[PDB]
């Protein structure tokens, strides 16, 4: 296992991503272990709040270079095995404690969490367009939904990198803390969430995210239409070989 599962207190579960070899890029291993961790959480009605973090300086790094090339060649899609919507499909609140870097799909996956916390010193980017890819994995839905239309245009079109400190200065609604405090803060917030009845938490998450769960599939189809027009050029293959990490 490359994802460890740590109960905190009575009803909090910490899904810690730790594929150290790949810096939390979506290796086959990290993919399957995440699916399994969330299926385990789905099957176990004790938990009231999930905390999803990485290890050391990485939250989640996005597609592996091979994984991206497989996408370029059309062997796979960004939406496979639904990694992208794990936190949205989870029935209890999920806090994405992004204590390290969040890159590409790694950032987008965390953005479907109900609560996202950033580290001041780490890097965040929705970097699809750096390779020529129009954004995938619901990025064109969840980036404006969480960060607002205007910041999303810049983030998505330019694919630039931002320190959590830069995003805090642009007015993001996410709590931004020094790396060393992100998990501690997440844990406190998780304990406050765990004070509520599980039924009230699920009933309210259902209702708050109903528009998302309703609209997302149509936004995915739209990204799939964009992807049909942009993903499959030779230039995209060159950008992936030439500019990956």
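Numbering follows the first chain given and starts at 1.
> When the Cα temperature factors in the entry are averaged, is it 190 to 198 or 24 to 32 that ends up higher?
Averaged over C-alpha atoms, the B-factors run higher in 24 to 32.
> Out of 73 to 81 and 97 to 105, which stretch has the higher average CA B-factor listed in the record?
Higher mean C-alpha B-factor: 73 to 81.
> Would you check the entry's CA temperature factor for residue 216 and let me know if it's in the chain's lowest, middle or highest third?
Highest third, going by the recorded CA B-factors of the chain.
> Taking the entry's C-alpha B-factors for this chain, is residue 120 in the lowest, middle or highest third?
As the PDB entry reports it, the C-alpha B-factor of residue 120 lands in the highest third of its chain.
> Splitting the chain's C-alpha B-factors into thirds, which one does residue 42 fall into?
Its C-alpha B-factor belongs to the highest third of this chain's values.
> Splitting the chain's C-alpha B-factors into thirds, which one does residue 236 fall into?
Its C-alpha B-factor belongs to the highest third of this chain's values.
> Based on the deposited C-alpha B factors for this chain, I'd like to know if residue 203 is in the lowest, middle or highest third.
Lowest third, going by the recorded CA B-factors of the chain.
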